[PDB]
Structure formats: structure tokens, C-alpha cells
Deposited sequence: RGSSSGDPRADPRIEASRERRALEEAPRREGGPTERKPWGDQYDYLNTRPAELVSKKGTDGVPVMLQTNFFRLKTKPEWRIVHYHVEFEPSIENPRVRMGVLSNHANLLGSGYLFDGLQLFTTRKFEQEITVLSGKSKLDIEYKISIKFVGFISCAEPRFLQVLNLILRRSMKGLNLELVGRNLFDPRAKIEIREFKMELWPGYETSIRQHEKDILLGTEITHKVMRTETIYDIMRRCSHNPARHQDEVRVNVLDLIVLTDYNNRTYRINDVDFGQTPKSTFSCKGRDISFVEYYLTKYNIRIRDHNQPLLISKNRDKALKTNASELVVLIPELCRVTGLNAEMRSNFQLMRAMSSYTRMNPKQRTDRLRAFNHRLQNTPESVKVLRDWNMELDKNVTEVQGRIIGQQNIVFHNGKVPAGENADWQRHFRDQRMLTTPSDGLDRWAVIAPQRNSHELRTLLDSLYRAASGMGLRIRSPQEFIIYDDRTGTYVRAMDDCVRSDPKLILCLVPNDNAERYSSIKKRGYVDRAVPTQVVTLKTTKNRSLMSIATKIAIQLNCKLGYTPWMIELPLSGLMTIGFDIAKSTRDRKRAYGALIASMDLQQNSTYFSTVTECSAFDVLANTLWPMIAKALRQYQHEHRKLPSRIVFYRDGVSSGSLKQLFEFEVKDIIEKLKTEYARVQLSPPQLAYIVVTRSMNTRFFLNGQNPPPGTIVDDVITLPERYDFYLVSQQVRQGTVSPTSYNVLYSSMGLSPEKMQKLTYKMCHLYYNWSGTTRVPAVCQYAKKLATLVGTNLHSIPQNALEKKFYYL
């Protein structure tokens, strides 16, 4: 297996009495009461059990004290001094396996979090007082804490994580003032979010005949909107002339209406492990000093441990990266970029770069020649025979000029087309990719002008040569794979920039890497559309190997909703694998279905630092019902590691869990755009890359001639 270690976490133990159980009763009153809240008060009258925290819904009762039998209390109610007889009938104990166990624990912990007086939303606690406003980006970022609870045979654990909820400063009242019928045309059909209650509404009309001074009727009381929002949310309405949004009746003053913004926010969110540990200990000490939360915690006779729990784990040994003539170890820092310097790629076309073209404008011939010299040198050092491409010098840097050059050049049937661009323009890049992959079938390479002027142009040209070798459909390196007839599938999905109502699903499939070591890639728009792609992959596999694969490892990017995706995806997959292998009158293959999730909620560290690549936590902090584990595969220079969560829904592989984990760590070594281990298995990162390319730039399905090439890299 690997080298075992002990790792710091972000969980604290909830210690209770050694013999500590939860008692559930059903409660009823001799004088019947049509209102449950009155019953709650009537039971609250009993102080013998009041000091102990108890959960009463008007019928179900959860408490700690176990009574002698079915027990009955009696007293006089506050209203009319009516003699009431409460019949508290014993139901039983909540088993450690019942989900009501964790539901009761969640309600208790939420009651405790209430003492901190933080806005509670789902499993998150926010501090709106501590909002970070940004008028530069017109957005407010609220810090907060994400919470989770885990059950183990040894105890009960409670974990926290830093979280940031972002929202837009722009309000619908501001949009209406910018327009000032046209306001109604601009506002109707939009979705707004109330800043006092995490609810969104579709505005269907705007009533100009009503104001915040108008009144509505609740369940019994009549009240104005100003009074309602001052008494229910302590929110003051300053503008009295504004109209009302009718969806419910909302106030516009109180209604609120990516990849570079992600960079800015990451600059504001990247955190050293020590800083995250400090903020976590601060939150713990805050909850510990608050007497309101401590009262709730102590009433149930359970104590937070101000000390962090640590887990047993193991670090996978370094894996061997194979090239033509030899193989190298990955290293303690799982990066091998230093190694292809004076090393040859695994699979190289004997033809080499026998026919390709280069399109560039007349102004940038000098930088183009520099780039081409670097490419020749680097690709020759890699084993890639590159010859002189076809010169395609255009005059203007416009998009139509590039498109026309491509269409005039394709007539010579080139293996590849490299295009030198002036700047970082998504428009011309998307148009180039669309003309290359969708309308025609030519793998292309784009180089930003700033790249040519880079001082370290030689290592850049080496990485570009690796990318080009992949674009041709050849293999730069390979892992040691002790399995026969294995097909690894990755699959992911992406939203579209042109239309948010469509999504693209990309599927990547290996072809018995110990022999063929190539990949097959399909995309389709969102009638389950994934099985056609799986069938295409199996057909290509049997057309290349004269046989179907014996084992299949399916990596799924998603996620709880496990039950839904388990049922639908896995059941249909198994039935249709039965069917497809029955077409060949064969038995269905060994199948492993794993859901890959980047769990930013659960973290763990080694000696207070980021764990090294290959670290694994199996079945301690993981979910009890699931057969799953955590893996750290990609080391991070800066920031905090987000471990990957691999959840094996179905497994008929006949492989030990350690073997499955080692195979997954191996498959994490095969993303050719990155000279090291990636955060996810390689096929999954390929699927994400292809789906993002289709949904962001291509907006259409690429031609089927590129099925065996890494054109999307």
C-alpha cells in the first residue's frame, strides 16, 4: 500500500456521557388543544425536564431523561387555571443507525448556533454585519462558516470550513431610476433576491398604485409594508414613493437582481493553511465564549472538544512515468517537468510534422520566427520531427482574414494549423476554433503574442510541442498499468454562454492503455444522451481491439442527490451494458462507477501543512453509508488544498480498496497539458476541458473525424 501518517483535520469531537442515548416520546393532553404552540408552552411549564434541553413539536418529543414507564403529568394552565393532564407516552430510543439520530443532532447544533446570532441558511452561518462591500466591482461578499457532522463508531464529530457568499450591489430600485412603462418592460421577467431573506422571486408586474405605506393583512393582523419589514426583519424603508413588485409584494429598495471575476475573488479568497486554522480556532473560541450557545450545548450534556481530531491515513508511493527508451519516477513533488529536458516522448508520428501551416499577420513575422525556431528546437529535443510549415501571412489582424486564410489553407490538407494572435481576444479565438473543428476537421494551435516575447520561450515551446503531439493523437508518456482490457471513462458537463438553457456533456474513454494507449472523445448536447456516447466509445474500442473491454472504470463529475444519480445513471448503465455485451452474446463486464467531487468543505493537513501528493484518508471522516475515500493528488504551492472525494457507488471489479485507490492515483498522472498530477483523474479533466471548450467557444458539436485526437487541449 503506502506510508501511513497521522493528519490534522478541521473537526472537533462532541463528547457526551459514555452511556448516552436519546429518548423519544409521543405527547398528548387530556384537554385537547387545536394549536401546537400552546401545547409547547404547556409542556414548557414543567421545569423538572426544562433544564435539560428537549425538542418538542407539539406531538413528538426528544429528550435525555428516560422515565419509569408511560408517564403522565398534571397541572393548571396559565390561561384559565384549567387542570391539564399531559400524557407522555414512551416510544423508544433512537438507534445509532436511524437518520432521525442525525436529524436530532442537527437541530441541536442549529439551536446552539442560534446563540451566536448569525444569519443561519441551510448548513451555513453568515455575519451580515461583517459584510465586505466592493464598490469597485459593485458586489458584497459576506464571510461565513459551513458546518457538517460526521458519525463514527468511536464518537460524533463536528467540522467547520470558511465560506464566502457573494451578491450583487445593484438593486431593482436603481435599475428603475436609471431608465427614468419602460421600467415595467425592463423589470418584468427578471429574478430578484430579497436581501433580508434568502428567497428569489420572479417579478410578474409592478404596481405603481401602491407604496411602502400601503397595508396588507397577515393571518390576522393588518399592517403596512414599512411596519412589516421593520418588525419582521428590522429593515427600514427610506423611499416612500417607490412602486411595489408583485410576484407576494416586494419593495424595490429591498430586492437585489465570470472567469476573471473568479481570479479577483481568488485573490481575495486564497488562504494559507495557518491563516485558515487561525480563523477556525477564532470561530471555535467565539462559540465557546458565547453563553447562549454554551447553554444549549450543556443542557444536552455534550461538550465540544477545543482540540482538533486527527486521522490515520496513508501516502501512495511515487509512480513511474514512462517514455520511449526509459522511465523516470515522479518525485516527492509530483512534477516531472524537469525530466523531458533531454528525454524523448513515448509515441511520435514517424511522419512527424510532415504537413502543417502557420497563419500570422505581416507585422509579427519577427516574433513568429522566434516562436518557430523555439518550436523546432524543443520538438526535436522531444523526438518530434518538425519540418517547415506553410507560410500564411495576412495583412490585417481581423477575424475574417484569419478565417479566409484557414479556408484557403485547408485545401492542402494540413495535419495542424498554428495561429499567432495579437492579444487575448475571445471573439477571434472562438471563431478560429469554430472554423477549425466544427465546419472543418483540422486540429489547431493558438499562441498569444505575449508568449513569443517571453524570456523562457524554450520551456514554453517544449510544452507547446507536447500539446502539438497530443493534438496529432499521439502519447507523450504513460503510467505503469497492471491491468488487462481496462477502459477508463470520464464524463463532465458544462453550461453554455450563448444559452443558459443548454448544456454540453463530454465523454472521454481510454483504449487498454497497456497496448493502444489512446483516447476517444465525444460531446453531445443535453432522452438520456450519455448512453449514445458510451456506445460509440465501446464500438470504437472493439473496432480497434477486435474485442470489448473486460473492465470499465467510470469517473463521474457531479454532486444528497446520490440516490437520484445512482438510480438513474448506474441502473441504466448496467442494464445497457448487459444489452451491449449480449449483442456479442457476452457477459457484462466488471464495472466501477465512481463519483468525483472536489470537496472544499472537508480538509485535512499533515504537521500543519499541505499534504503531499498521494495522501489518502479512507473511512474515518468519510460518510458511513458510502464506500468512498479522499485523495490528495495535486500539490499546491500557495493556498489550501481541496482534497478530491471519490465515491464508489457500484463496484464489480474484484479489486481491493487500496488497489482501486492506487489505480485512481495512477489515472491522475495522465493529463498531458500538465507535467504532473492533476486534482482529478485524467479522463475527467479531459472531459471538463472538452465540455468547457464546446460550451464557451464552439457552441456546436465538433466533427467526428477528431475522435482519436486531443484537439480540445
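In sequence order, the gaps in C-alpha coverage of the deposited chain fall at 1 to 59, 240 to 246, 314 to 327, 338 to 346, 616 to 621, 655 to 656.
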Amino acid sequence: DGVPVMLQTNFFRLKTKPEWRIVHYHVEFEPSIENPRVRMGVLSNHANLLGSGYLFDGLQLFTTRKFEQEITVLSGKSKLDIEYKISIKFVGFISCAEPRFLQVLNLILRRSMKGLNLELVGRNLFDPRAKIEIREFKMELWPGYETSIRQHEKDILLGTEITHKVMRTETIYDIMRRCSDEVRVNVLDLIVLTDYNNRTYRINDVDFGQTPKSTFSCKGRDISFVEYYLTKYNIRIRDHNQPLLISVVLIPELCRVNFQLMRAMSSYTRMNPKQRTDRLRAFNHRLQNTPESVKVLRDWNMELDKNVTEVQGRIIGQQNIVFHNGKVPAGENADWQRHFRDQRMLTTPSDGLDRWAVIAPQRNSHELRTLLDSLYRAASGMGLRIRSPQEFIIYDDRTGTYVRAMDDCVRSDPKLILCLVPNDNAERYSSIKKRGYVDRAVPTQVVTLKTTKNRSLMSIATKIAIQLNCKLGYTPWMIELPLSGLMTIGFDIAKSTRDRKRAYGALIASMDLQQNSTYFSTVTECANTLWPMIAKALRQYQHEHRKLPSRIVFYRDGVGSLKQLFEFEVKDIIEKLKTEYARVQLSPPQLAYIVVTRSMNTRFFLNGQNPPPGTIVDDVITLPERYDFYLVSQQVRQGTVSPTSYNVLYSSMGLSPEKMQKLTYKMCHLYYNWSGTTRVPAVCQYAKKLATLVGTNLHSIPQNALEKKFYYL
From here on, numbers count along this sequence of modelled residues.
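145 to 153 and 213 to 221 differ in mean CA B-factor, and the higher of the two is recorded for 213 to 221. Higher mean CA B-factor, judged across 587 to 595 and 258 to 266 from the recorded values: 258 to 266. Of the candidates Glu83, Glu544, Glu569, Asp439, it is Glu83 whose Cα B-factor is highest according to the PDB record. Ranking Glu580, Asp557, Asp373, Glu625 by Cα temperature factor from the entry places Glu625 first. Split the chain's modelled residues into thirds by C-alpha temperature factor. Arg65 is in the highest one. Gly53 sits in the highest third of its chain by CA B factor, as recorded in the PDB entry. Placement of the Cα temperature factor of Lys415 within the chain: lowest third of the modelled residues, per the deposited record. For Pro681, the recorded CA temperature factor ranks within the lowest third of the chain's modelled residues. Annotation for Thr692: C-alpha temperature factor in the lowest third relative to the rest of the modelled chain, per the entry.
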